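For reference, the chains in residue letters:
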Amino acid sequence: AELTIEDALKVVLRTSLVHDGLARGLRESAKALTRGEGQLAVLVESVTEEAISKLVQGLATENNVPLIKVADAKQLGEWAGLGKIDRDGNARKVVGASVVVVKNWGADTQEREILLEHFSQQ
RNA sequence: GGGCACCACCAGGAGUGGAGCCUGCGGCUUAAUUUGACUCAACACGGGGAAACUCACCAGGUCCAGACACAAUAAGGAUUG
Ligand SMILES: [Mg+2]
Ligand SMILES: [Mg+2]
Ligand SMILES: [Mg+2]
Ligand SMILES: [Mg+2]
């Protein structure tokens, strides 16, 4: 299986982390959405009380929609790298990443862009 | 017994010790009147003539500048403002 299984969002996130352009957490994400900063939106599916998700949706709506599904949040966090050192390989203490919004991007083109386009044009 | 030296004395000078005042050091005083050093070899010495700084003392307040290791919160905020 050569085709990516929604692995042109995770990569983007990683890139952002590397270059320091991630609005992780909710307030930060909201802020990003509000001004010329928040370009891609990343909201958790499994949200208790549905409230955070709703908020995120609202934010997305407000001017320009940059949203996507997200696979449980924890996975995303893991991919990003939430934990120092963590032995030789893997073995990171699990953390729920919560709401994330992308600033900067950094890396250009590749499959992420395509995915974004697909999400957009309907 | 024999040497040597105006930090010994002679022969002399200038003196200090008195006077007032500076400044050191005691003693007392004081929250605290920071401390070191008392024969020459402590006492205008600490290059020490302190207005704060210096600064060590006292009365009061501020600050972490608690490197690093390992867990409790680990974003429904750690703590920073
Ligand atoms: Mg002598
Ligand atoms: Mg004096
Ligand atoms: Mg003298
Ligand atoms: Mg003076």
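Residues numbered from 1 in each chain as written, not as in the entry; some residues may be left out. Chains lettered and ligands numbered in written order. Part of a larger assembly, values for the part shown. Heavy atoms only, no water.

Determination of this PDB entry was carried out by cryo-EM to a resolution of 3.8000 Å, according to the record.

## Description of unusual backbone geometry
The backbone of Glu49 shows a phi angle near 70°, a positive value even though the residue is not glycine. Here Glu49 lies in the loop between β2 (40-42) and α3 (51-62). Of note, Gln110 is a non-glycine position whose phi angle comes to about 65°, a positive value. As for its placement among the helices and strands, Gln110 is situated in helix α5 (residues 110-120). (Helix = DSSP H or I, 4+ residues; strand = E, 2+ residues; numbered from the N terminus.)

## Some words on the sheet that holds strand β3 (residues 100-102)
An order of β1-β3-β2 is seen for the three strands of this open sheet, with the pairing classed as antiparallel. Two strands bound the open sheet, and with one partner strand each, they are β1 (22-24) and β2. Going from strand to strand, the sheet's axes swing by 15° on average, the running direction of each strand aside. Note that β2 and β3 share three bridges and pair antiparallel. Residue pairing in the sheet places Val42 in a bridge with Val100 of β3. Contacting β1, β2 and β3, helix α1 (residues 10-19) crosses the sheet at an angle of about 105° to β1. The sheet contacts of helix α2 (residues 26-34) involve β1 and β3, and relative to β1 the element is tilted by about 135°. (Pairing = 2+ DSSP bridges. Axes fitted to C-alpha atoms, helices over the stretch in contact; angles between N-to-C directions. Contact = heavy atoms within 4.5 Å.)

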